[PDB]
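A single chain, nothing else alongside it, follows as structure tokens in the form solved without the named molecule.
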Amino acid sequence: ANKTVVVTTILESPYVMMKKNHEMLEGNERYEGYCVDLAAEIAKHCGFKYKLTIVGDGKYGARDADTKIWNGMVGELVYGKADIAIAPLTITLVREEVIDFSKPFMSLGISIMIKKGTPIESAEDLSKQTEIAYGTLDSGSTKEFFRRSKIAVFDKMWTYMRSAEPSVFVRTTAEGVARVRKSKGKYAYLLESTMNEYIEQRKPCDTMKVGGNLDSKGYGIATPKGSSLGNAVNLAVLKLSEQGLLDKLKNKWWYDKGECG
């Protein structure tokens, strides 16, 4: 028995990042971040050894409408490439039907990121104007939220977003962030609040979150349907939440060493 648990995750600040001198280190030591600290804690409390591995396609997880094949981390779990996922992977209905999620370890909601000074303070504002273009991340839960909403106003935004050109979608969060920064207030980015708040406390401190969140959910630790890790992992998340560890890690990576004062 006793096998090293394969952990799929994704390079997304400040969840998982490459260490300054990663080239001179090996294994799990090459990485640092919120999810790296949580992984160690989860493995420690569940009593298993693990190996962190970055998803090959660098995606979170979506199902191709044609081929019906899941990509990103969800795919890793569904097709047997990984035993567990420890990343900012949002708990959703479609995913929940093919994989298991522990109770959420972090909260978030879809929010709006703008370049400071951009005349926009809500989603209503974005769906009403047109000088300012907006989009989301590809293959993520935010894009799905809009494509599946039945709430008139969000459908209105979807109607615009997926027919807009040039494309308003981006491959990575960093890509969307740069687009906001280089577009002089003519591009707003729809992303999860946790990430929005993180970038907000980072140089050059030129972005900010405006308005309230569009929804409420959280990230969960995922495992293959019917896996035997699920039970213990869930109990580990509950213990860590009640002992204050999750709150501690949140401040450590978001606010403790923020650089916008």
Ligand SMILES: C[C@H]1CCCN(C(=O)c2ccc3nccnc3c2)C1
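Residue numbers run from 1 along the displayed sequence.
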property: 62 to 70 set against 43 to 51, stretch whose average Cα temperature factor tops the other in the entry; result: 62 to 70
property: Mean C-alpha B-factor comparison - 135 to 143 and 85 to 93, higher one; result: 135 to 143
property: Identity of residue with top Cα B-factor, from 154, 105, 79, 189; result: 154
property: Identity of residue with top Cα B-factor, from 116, 171, 148, 179; result: 148
property: B-factor third for the C-alpha atom of residue 203 within its chain; result: highest
property: Residue 229 - which third its CA temperature factor falls in, relative to the rest of the chain; result: highest
property: For residue 18, the third of its chain into which the C-alpha B factor falls; result: middle
property: Modelled-residue ranking by C-alpha temperature factor, third containing residue 221; result: lowest
property: Third assignment of residue 32 from its chain's C-alpha B-factors; result: lowest
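Heads up, the form solved in complex with the named molecule isn't pictured, but that's what we're talking about next.
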property	result
Partner proximity in the deposited bound form: residue 80 to the named molecule, non-hydrogen atom cutoff 4.5 Å	no
Touches the named molecule in the deposited bound form: residue 115 (any heavy atom, 4.5 Å)	yes
Any non-hydrogen atom of residue 149 within 4.5 angstroms of the named molecule in the deposited bound form	no
Contact flag, residue 122 vs the named molecule in the deposited bound form, heavy atom cut 4.5 Å	no
Joint contact, 130, 160 and 184 to the named molecule in the deposited bound form, by non-hydrogen atom at 4.5 Å	yes
